[PDB]
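Quick notes on the structure that follows.
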Amino acid sequence: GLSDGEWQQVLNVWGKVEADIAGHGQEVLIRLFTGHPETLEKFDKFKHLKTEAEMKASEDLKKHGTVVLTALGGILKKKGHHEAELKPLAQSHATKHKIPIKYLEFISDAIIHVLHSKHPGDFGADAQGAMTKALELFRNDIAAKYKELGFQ
Ligand code: HEM
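114 is the number that the deposited numbering gives to position 114 of the sequence shown; each next residue is one higher, with no gaps.
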C-alpha cells in the first residue's frame with residue numbers, strides 16, 4: 001500500500017484537481033481519446049467527436065470528466081479502504097462498458113500527464129511518485145475484480 005506520507009501527498013495533489021474538477025476531467029479524457037482513439041469507441045456518447053476541437057467544445061465530455069474524477073476522488077479519499085466504492089466500478093466497467101484494464105493504464109498515465117501540463121514545475125518528484133502508487137493501487141484492485149469475472 002501507500003505510506004501515510006504518500007497518502008498525504010496524493011490528497012495534497014488532489015487539491016489541484018478539486019479547484020477545477022471539470023477542467024482537469026475534460027483534459028484527462030481528451031488526453032485519453034487523442035492518445036488512444038480506440039478508447040473513444042467504448043463511449044457510444046462520444047464517438048461522434050471527430051476532432052479535438054469538438055472534444056474541447058463538448059459540454060457533455062466536460063460533464064463526464066467531472067463524473068469520472070469525482071468518483072476517483074472519492075476512492076482516493078478512502079486511502080486504500082475502497083472496496084465498496086471500487087467493486088461496483090470495476091464490475092460496470094468490465095460487464096457493462098467492456099473496458100479492458102489496458103485502458104485504465106492509459107487513463108492513469110493521462111492523469112499524470114495532465115497534472116504536469118496544468119501545473120508545470122509544481123508537481124514534484126515525490127508527488128508524482130505518490131500519485132502513481134495510488135493510481136496503480138486503484139488499477140490493481142480493479143484488475144483483481146476483472147480476473148474474478150474472467151474479463152479481458
Ligand atoms: C480513473 C478511472 C475511471 C473512473 C474513476 C471512472 C468512473 C466512471 C463512473 C463513475 C461512471 C458512471 C457510472 C458507471 O457506469 O459505473 C463511468 C461511466 C463510463 N465509463 Fe468510466 N471511469 C474511469 C475510466 C474509464 C475509462 C478508461 C474508460 C474508457 C473507455 C471508461 C468508460 C466509461 C463508459 C463507456 C461509461 C458510460 C458512459 C455513459 O454514460 O454513456 N471509463 N465511469
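Backbone N, C-alpha and C fix where the C-beta goes; we use that ideal spot for every residue, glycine too.
* Asked: Once you ignore the five residues that flank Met-131 on each side, which residues in its own chain have a CB closer than 6 Å to its CB?
  -> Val-10, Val-13
* **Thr-66 - containing alpha helix (DSSP H), residue span** => 59-76
* Buried or exposed for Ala-127, please, with buried defined as at least 16 other CB atoms from any protein chain shown within 10 angstroms of its CB. => buried
* Could you name the residues of the same chain whose beta carbon sits closer than 6 Å to that of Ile-107, not counting the 5 residues immediately before and after it, in chain order? => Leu-32
* Starting from the Cα of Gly-15, find the closest Cα among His-119, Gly-1, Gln-26 and give me that residue. => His-119
* Apart from the five residues just before and just after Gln-91, which ones in its own chain have a Cβ nearer than 8 Å to its Cβ? -> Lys-145, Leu-149
* Relative to the C-alpha of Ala-53, which residue among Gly-5, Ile-30, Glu-136, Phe-151 is closest? -> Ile-30
* Other residues of its chain near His-113: CB distance less than 6 Å, five sequence neighbours each side excluded -> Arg-31
* **Start-end ranges of the alpha helix (DSSP H) lying completely within the segment 74-131, minimum 4 residues** => 83-91, 101-118
* Heavy atom of the ligand HEM less than 7 Å from the Cβ of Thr-132, yes or no? -> no
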